[PDB]
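Colleague: PDB entry and its sequence, pasted below:
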Amino acid sequence: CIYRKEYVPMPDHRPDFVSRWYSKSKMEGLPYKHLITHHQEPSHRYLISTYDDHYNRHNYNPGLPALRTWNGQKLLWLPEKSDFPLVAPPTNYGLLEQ
Amino acid sequence: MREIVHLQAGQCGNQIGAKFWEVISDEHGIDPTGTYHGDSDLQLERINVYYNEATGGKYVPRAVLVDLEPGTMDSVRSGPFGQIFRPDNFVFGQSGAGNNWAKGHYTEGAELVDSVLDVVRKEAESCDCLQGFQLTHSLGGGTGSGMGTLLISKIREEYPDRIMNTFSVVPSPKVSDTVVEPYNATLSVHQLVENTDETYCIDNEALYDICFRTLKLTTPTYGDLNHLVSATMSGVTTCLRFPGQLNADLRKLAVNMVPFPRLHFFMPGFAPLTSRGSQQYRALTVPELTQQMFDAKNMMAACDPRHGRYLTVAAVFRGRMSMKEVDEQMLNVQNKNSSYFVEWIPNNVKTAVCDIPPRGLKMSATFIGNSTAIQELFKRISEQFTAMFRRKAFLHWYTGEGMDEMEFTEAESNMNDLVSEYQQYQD
Amino acid sequence: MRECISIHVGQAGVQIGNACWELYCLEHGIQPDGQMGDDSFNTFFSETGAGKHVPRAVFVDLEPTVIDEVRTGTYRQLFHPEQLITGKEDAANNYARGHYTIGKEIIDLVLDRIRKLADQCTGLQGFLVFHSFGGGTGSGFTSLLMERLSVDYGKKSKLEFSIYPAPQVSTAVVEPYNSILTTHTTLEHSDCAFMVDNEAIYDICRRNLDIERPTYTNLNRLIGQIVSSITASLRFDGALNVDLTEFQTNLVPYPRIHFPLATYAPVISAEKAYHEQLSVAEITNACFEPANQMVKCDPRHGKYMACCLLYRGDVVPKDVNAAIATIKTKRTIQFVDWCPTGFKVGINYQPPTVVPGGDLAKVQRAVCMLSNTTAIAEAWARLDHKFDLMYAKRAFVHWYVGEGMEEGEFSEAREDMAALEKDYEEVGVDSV
Amino acid sequence: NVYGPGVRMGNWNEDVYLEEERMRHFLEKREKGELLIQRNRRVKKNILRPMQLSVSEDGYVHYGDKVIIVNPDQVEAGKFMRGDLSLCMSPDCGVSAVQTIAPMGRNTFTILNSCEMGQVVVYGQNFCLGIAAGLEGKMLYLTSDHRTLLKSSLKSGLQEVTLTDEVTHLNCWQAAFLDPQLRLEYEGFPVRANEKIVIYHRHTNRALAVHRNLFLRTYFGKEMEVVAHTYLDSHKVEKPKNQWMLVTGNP
Amino acid sequence: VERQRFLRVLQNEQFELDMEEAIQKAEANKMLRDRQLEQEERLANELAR
Amino acid sequence: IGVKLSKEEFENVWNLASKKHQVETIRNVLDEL
C-alpha cells in the first residue's frame, strides 16, 4: 500500500542546530553593543574629576609651564587652553583598599 | 544624594532595561560576575544609587523585572549579564496577556500585582533615602500597559511625596503592529495624566530614522535601537552619581520644566551622534553638540518641533568643559529664533553640569523638552479612536473581563482636554 | 509547559494528522519509535522513564481502515494504544448517523481520554480541531463533541482547521445538506474557523511546484506545514512570540464574523529555489495575489477586515515594516473603515524543516497569513443556492428523517444562513 | 534590491570601515591570546595529560602508588550509565564520574596516620587520596562534611563530596569488605589491587556512592553524580551502587 | 545551561569563521598565483631553448 | 622546471605516464598522483 510505501523510516535525517543559533545573533549582535556607540579613538581609562584635577592635582605636567604662543592662521592663544588636562591615573583616594 | 527604584514590565521593558542595567554596569566598572573591577575611586563613591551590597563585595541592582509571559525572562538572564540580576526579582505568571487591557489591568495581569507590591517594600523600605520611582514599558500591549500602568496607580497610593518619572513608548504613526492599539494607547494615556509627572515619549519610527539618516547603517534593529534609549537613562541622572560644576536631579528637573498641574508631557533627545566612517573627522566640542541637539532630526519622538513651540527646554552636560561656550550657545539659540519659543516666560533653557561622560564619549548632553508639538502624537490616537468606536468594533474584548463603555467614553475626554490645554499657549 | 491538545475528526482528520504529526516528530530529534538543548518538545511530547515520547492528541474515525493502517504502518510504536479510537461502522455521508446514533454510542471514550489528557497536562491553552464539513464522521461526531466539550470546559480558545468542500468540483452528491447543517451548529460554538480546500491546493501544486498528477498524500503536507508555521511560536523562541489567544482576539471582530481564509506564501521546488531570490517583498506580494489563496474566492468583490502575518525564519524586522508600508499604498487591496490598524505580525527565527525527498525545498522565510475577508459570503451563497434547488423537490430527506432527527431542522438551517449573510452584508458597508 | 559583501553598490563604504575595525580587533585578540579557543585548549590539554600509573609488585596496594579510582559495571531503575565509571575531577572545582578507563591526569590519585612513602595498606585504616591540577603543584584532597542545611549536593540533595586544599580529619577515608559477615575477620588484611571494596569516611561513617540515575552535563559530555550515602537492601547487605575498585596500571 | 553553552559556542563560531576564511583565501590566492607564474615561465623558456 | 623529484618517484611517474598513454601525459600523471 501507499502508506507502507511512503512511511519507510529515515535513520540519519538529523535536524540542524545552526541556523537558529545564527539567526539569534543576526537579530541580537552580541559584541556589537559597544561598536554601536563608541566614538573617536579607542581608550580604556580616560576619566577624571574637576576638583581632583584643578585643586589637589595642581594641574597638567608635561605642558608648557609658562609659554602661551599666538599662532598664525587661527586667531588664538591656544597652548594653555587647548590641552584640557588629562594627565596621569584617574581619581584614586583610598576606598577600594578599605 | 538618593537611591533609585526602577520598575520594568512588558515584553518591551525587559529588552530595554537589559541595555539599561548594563550601561550602569559599564559606567561603574561592574563586571558581570557581580564584583567591581573599575579603575578609579570616583566610580565607587555613589555606587549605592544603583547597587545594594552583600557578602564578598558583590553589587546586585534594585531591579524589578515582571512579565506575564516567561518568553523574555528566559532571554534576559541568558544574556552576558545573568548573574548580576537578582534571583527572586523575577515575578511572573504562566499565561500571556497579549494586546488587551482588561486582563492586564483587572484580572490576569492583576493577581501578580500583590507579587510586585510585596517585593518593592522588601527593598524600597530597605533603601535609606529614595528619590522616587522610574518606569519603562510599552503602552502597546497588555503587560506593560496592563500591569505597570496599573501599578503606577497602585504605588502612588502609598507615597505621594516622591517623584514619578516614566520612559513610555507611544505607538508609531505610520506602520503599526497591532489592530487594537488605539484602545490600549487610549486608555493608558488617560491613566498617565493623574499619576505621572515627567512622562517621556519614545517612538520607533523616530529611532529607525536616527540609525539610518544620522549614523548611516544598513540594518537597524532593536538591539541597535534599545541602546540609544539606554544611553539617555544614565545621561539623565549624571549629577546624583558624579560631581561637577552645577549638580541637578529629578527634582531640579521638574521645577524648571513643568509649570502646571496638567501640562506635564515631555519629549527627549541625546546629543553626540555621527557615523562610523566620520569618527575621526568630527570634533566633539560644544559648537557641534549644541548645533544638533535642537534639530528635528536628532529627536526621539514623533515631533516636528518647528510646527509649535517649546514652552520650556531642559538639558544636562557632562565632561571636563568650560562654561562660557555653554553660556552663549544656549543664549544664541534662544535669541536667533523667537518664533520657536513662547514669549510670556522669560527664560527657557535650564543648564546642568557634571564632570564625567559615558565611557567612550568625551563630552555629552541629553536634551529633554516640554514642547507643545507633542500634541501631534495624541491627535492621531483620538483620530484612530473615535473612527473605531463609531462602528463599535472589537468591544467584546472590552466588556468581557470587567470594563464598561464608561471607562471608554471618559478615556477620551481626558485626551481632548489635554489637547484643549496645549492649544491655548501655542502662540 | 504550554501544550496543545489537538483533535482530529474523521477520515480527513486522521489522513491530515498523519503528515502533521510526521512534521512534529520530524523537526525534533524524535524517532518514529518513541526514542530520541531545547526542551520545547514537551509541548507535544510527554516523557517516561525510557525517554519515550508519546504524542498528546486524539484521532477519531468510526471507519477503522485508516486507523488500522496507522496501527500497522511505520508509526505504531509511537502513538498511544488508546488515543486512536475506532468503530465498526461509519456514518457514511449523513449528519443523522454521526450526530445522533454513532456519535452517541462512542462519544464517551473520546471524552474520557480528553479529560485524562487535560488533567495530565499543566498548561493547555485551548483546543484545535481538524475536521471535515462534507462527510459523516467529521460533521456529526464533530458537532456532538463541540457541544459536549463546550458544556464542560467552558470559555477557552477554539480554532478549527476545516477541510471545506470545493466550489465547483465535488466528491459526494449530497454535500450541501451536510455542509449547511454542521455550519449552523458550529457558528454558535466556534471562535475561529480557518478554511481550506482541495482543488484550490491542486491548482497551486500544478502551477507552482510543477508536479503533475498529485495525490491526497502530496496535498496533505502543505496543510501539515501550514499548521506548523501556525503553531511555531510555542515551538521555538523568537522576537515577538504568539500565544493561542491572540489569533482568537485579533482575528474576529464580532459574534458571527469568524471565518478567515488561510494562505501560505513561499511555494517552490528544489530545482527552482537556488535560482529564484527569496526576498521578503516578493514573498509578501505573492501572498496577496489572488492566484495564491488556499480558498477559491476572489477578494476583489469585497473588503478585508483583519489580517495576521505570522512569520518564521530569518526575518529582518525593518523589512517587514517596509513590506506592510508598500502593501498599504495599493487600491487593489481594499479595507473597511473601522479597522485602521488592520495588521498583526508574529515572529520566530527557526527555518522550516522540510521532509526528505518531498515536493518542497528548504525555504528560509515562511509566511502564513490567516486573514478574514467578506468575500467568503460569496462562498456561502453557493451552498445556500444548492440547498434551495434541492429542498424544493424534497430530495434525499428520508435518509435524514430515518435516524431520529426531524425535517424541521431543514428550515432553521437556512434561516440561520440567511441571517449570517445578512450580518456579512451589514458589516462591510460604510457609515455616514 | 540587496547585494553581497564585496560589490561596490549602495551603502558599502561605512560597512567596509565597520568590518575593517571588527576584523582588526579580532586579530588583536587572537594575537594576544585572549580568545576562548586557545584558553580552552590550553586548559583541557593541561587537564587531559597522558601520564603513567604504577604497577604493583604483588596484588597488594602500597602508599605512594599512583592508583585510579573506578567503579565496576553493574547489571533498580531505567536511567543508566553503561559501564565502568571512573572518578574524575570536573571543574567549572567539582568531582564527578565519567565514562573512561585510561589514566589521563584528572583520574590519577596518589595514595597518601601511616608514615612510609611505601607501606602496605589494610582494611579499616585511614589514608588520603591526592590529586594535582596542572602547574599548581599542590596537593588537593578528597573531602565531605557532616550534612548541613546549606551544604547539599547538586542534583540529589544528600551528603556531598568535593575537593579542597586544606588538611584536616574530614579528609581521611577507610575501605572495608562488602560481605558483611567477614569484615571483622578482614580488619587487618592487606588490600589487593583490583578487588571490589567499599569506601567510607572516618568522621561521618557514610560512604562514597555513584548515582547512575541523574546526569551532569559537562564540557566533556560524560555524565554521572557522586555523593556519600550508604545504601542497604531488604536483606540488609550493601547494594552494587557502593562498590569501588582502586585499579593500577598494567605492566 | 543553554545560555552559557550557546554564547560560548557562537563566539567560537564568529571568531573561527573570520580568522579561518581570511587566512585560507589569502594563502590559496597568493600560492596559486606564484605556482602558475613560475610554471609558465620555466616551461616557455625551455621550449624556446 | 622547479620540481624536485625522487628517483623512484620519477620511475613511477614514467610508468604511470606510459600506462596513461595508449609532456601532457607527464604533467597529468604528476597532477593526478
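Modeller: Structure's in. What do you need? Numbering: from 1, shown residues only, chains lettered A, B, ... in the order given.

Colleague: mind checking the SS state of the residue of the stretch 101-250 of chain B found nearest chain E?
Modeller: The stretch 101-250 of chain B approaches chain E most closely through residue B:223 (14.6 Å), counting by Cβ to the nearest Cβ. Every C-beta, even on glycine, is put in place using the N, C-alpha and C of the backbone. Three-state call for residue B:223 (DSSP: H, G, I helix; E, B strand; the rest coil): helix.

Colleague: Residue D:96 now?
Modeller: Assignment for residue D:96 (three-state DSSP): strand.

Colleague: burial count for the residue of the stretch 101-250 of chain B closest to chain E?
Modeller: Using other Cβ atoms under 10 Å in any protein chain shown, the number of residues around residue B:223 comes to 18.

Colleague: for chain F, which residue is closest to the average position?
Modeller: Centroid-nearest residue in chain F: residue F:13, 2.9 Å away (criterion: Cα atoms, centre = their mean).

Colleague: Would you check that that residue makes contact with residue F:6?
Modeller: No: Residue F:13 is beyond contact range of residue F:6, at 9.7 Å (criterion: Cβ atoms under 8 Å).

Colleague: Chain A contacts on chain D?
Modeller: With Cβ under 8 Å from any Cβ of the partner chain as the criterion, chain D meets chain A at residues D:18, D:21-22.

Colleague: any chance of the residues you listed in CSV, plus secondary structure and distance to residue D:45?
Modeller: Formatted as CSV, the residues of chain D next to chain A follow (DSSP: H, G, I helix; E, B strand; the rest coil; distance: Cβ to Cβ, whole Å):
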residue, secondary structure, distance to residue D:45
D:18, helix, 36
D:21, helix, 33
D:22, helix, 29
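
Colleague: one step back: got the contact list for the residue nearest to the centre of chain F?
Modeller: Contact analysis of residue F:13 by Cβ atoms under 8 Å, 6 or more residues apart in numbering or on different chains lists F:5, F:26, F:29-30, F:33.

Colleague: By neighbour count, which of those wins?
Modeller: Within these, most neighbours by other Cβ under 10 Å means residue F:29, with 19 neighbours.

Colleague: now it, what's its secondary structure?
Modeller: Note that with three-state DSSP, the state of residue F:29 is helix.

Colleague: Provide a list of residues in contact with it.
Modeller: Applying Cβ under 8 Å, 6+ apart, we find residue F:29 in contact with F:13, F:16-17, F:20.

Colleague: Pipe the residues you listed into TSV and attach secondary structure per row.
Modeller: Shown next, in TSV, are these (three-state DSSP):
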residue	secondary structure
F:13	helix
F:16	helix
F:17	helix
F:20	helix
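
Colleague: Looking at the residues you listed, which is nearest residue C:311?
Modeller: Residue C:311 has its nearest neighbour among the contacts of residue F:29 in residue F:20, at 57.4 Å by Cβ to Cβ.

Colleague: Which residue lies nearest the spatial centre of the chain?
Modeller: With no chain named, the answer covers chain A. For chain A, the residue nearest the mean C-alpha position is residue A:38 (5.0 Å; Cα atoms, centre = their mean).

Colleague: try chain D instead
Modeller: Nearest to chain D centroid, counting by Cα atoms, centre = their mean: residue D:88, 1.8 Å.

Colleague: surely that one meets residue D:100?
Modeller: Yes: with contact defined as Cβ under 8 Å, residue D:88 counts as touching residue D:100 (6.9 Å).

Colleague: Report the set of residues contacting both of those two.
Modeller: Contacts common to residue D:88 and residue D:100, judged by Cβ under 8 Å, 6+ apart, are D:107, D:222.

Colleague: Check the gap between the residue in chain F that chain A sits nearest to and residue F:13 for me.
Modeller: Nearest residue of chain F to chain A: residue F:32, at 32.5 Å (Cβ to the nearest Cβ). Noted for residue F:32: a distance of 11 Å to residue F:13, by Cβ to Cβ, to the nearest Å.

Colleague: Quick check, the residue in chain E closest to chain F?
Modeller: residue E:42 (4.4 Å).

Colleague: again with chain C
Modeller: Of all residues in chain C, residue C:274 sits closest to chain F, at 30.9 Å by Cβ to the nearest Cβ.

Colleague: Against chain B, how distant is that residue?
Modeller: 24 Å (Cβ to the nearest Cβ, to the nearest Å).

Colleague: How many neighbouring residues does that residue have?
Modeller: When neighbours are defined as other Cβ under 10 Å, residue C:274 has 9 of them.

Colleague: Now for the nearest residue to residue C:126 once chain neighbours are set aside: which residues touch it?
Modeller: Spatial nearest neighbour of residue C:126, excluding adjacent residues (Cβ to Cβ, 6 or more residues apart in numbering or on different chains): residue C:157 at 2.9 Å. Residues in contact with residue C:157 (Cβ under 8 Å, 6+ apart) are C:125-127, C:191, C:244-245, C:247-248.

Colleague: Narrow those to those in strands?
Modeller: Counting by DSSP state E, the contacts of residue C:157 place C:126-127 in strands.

Colleague: Format the contacts of residue C:157 as CSV; extra columns: neighbour count.
Modeller: Formatted as CSV, the contacts of residue C:157 follow (neighbours: other Cβ atoms under 10 Å in any protein chain shown):
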residue, neighbour count
C:125, 20
C:126, 19
C:127, 23
C:191, 20
C:244, 24
C:245, 22
C:247, 23
C:248, 20
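
Colleague: And the contacts of residue C:157, which is closest to chain A?
Modeller: Checking these against chain A by Cβ to the nearest Cβ gives residue C:244 as the nearest, at 22.2 Å.

Colleague: So the closest one is in contact with residue C:156, correct?
Modeller: No: Residue C:244 lies out of contact with residue C:156 (Cβ under 8 Å); the separation is 9.3 Å.

Colleague: which residues are common contacts for the two?
Modeller: C:125-126.

Colleague: Can you get me a residue count around the closest residue to chain B within chain F?
Modeller: Nearest residue of chain F to chain B, counting by Cβ to the nearest Cβ: residue F:31, 44.2 Å away. Number of residues near residue F:31 (other Cβ under 10 Å) recorded here: 7.

Colleague: Check residue B:137 too.
Modeller: By other Cβ under 10 Å, neighbour count at residue B:137 equals 31.

Colleague: doesn't residue B:144 make contact with it?
Modeller: Yes: counting by Cβ under 8 Å, residue B:144 is a contact partner of residue B:137 at 3.0 Å.

Colleague: Need the residues touching each of these two.
Modeller: Residues touching both residue B:137 and residue B:144 (Cβ under 8 Å, 6+ apart): B:9-10, B:12-13, B:169.

Colleague: can you count the residues close to the residue in the stretch 201-350 of chain C that chain A sits nearest to?
Modeller: Across the stretch 201-350 of chain C, no residue is closer to chain A than residue C:349, which sits at 3.9 Å (Cβ to the nearest Cβ). Number of residues near residue C:349 (other Cβ under 10 Å) recorded here: 22.

Colleague: now do residue C:174
Modeller: 18.

Colleague: Surely it is in contact with residue C:134?
Modeller: No: using Cβ under 8 Å, residue C:174 is not in contact with residue C:134; the gap is 9.6 Å.

Colleague: re earlier: state the distance from the residue of the stretch 201-350 of chain C closest to chain A to residue C:29.
Modeller: Residue C:349 is 19 Å from residue C:29, by Cβ to Cβ.

Colleague: likewise residue E:20?
Modeller: 29 Å.

Colleague: near chain D, which residues of chain C show up?
Modeller: Neighbours of chain D within chain C, by Cβ under 8 Å from any Cβ: C:49-50, C:279, C:281.
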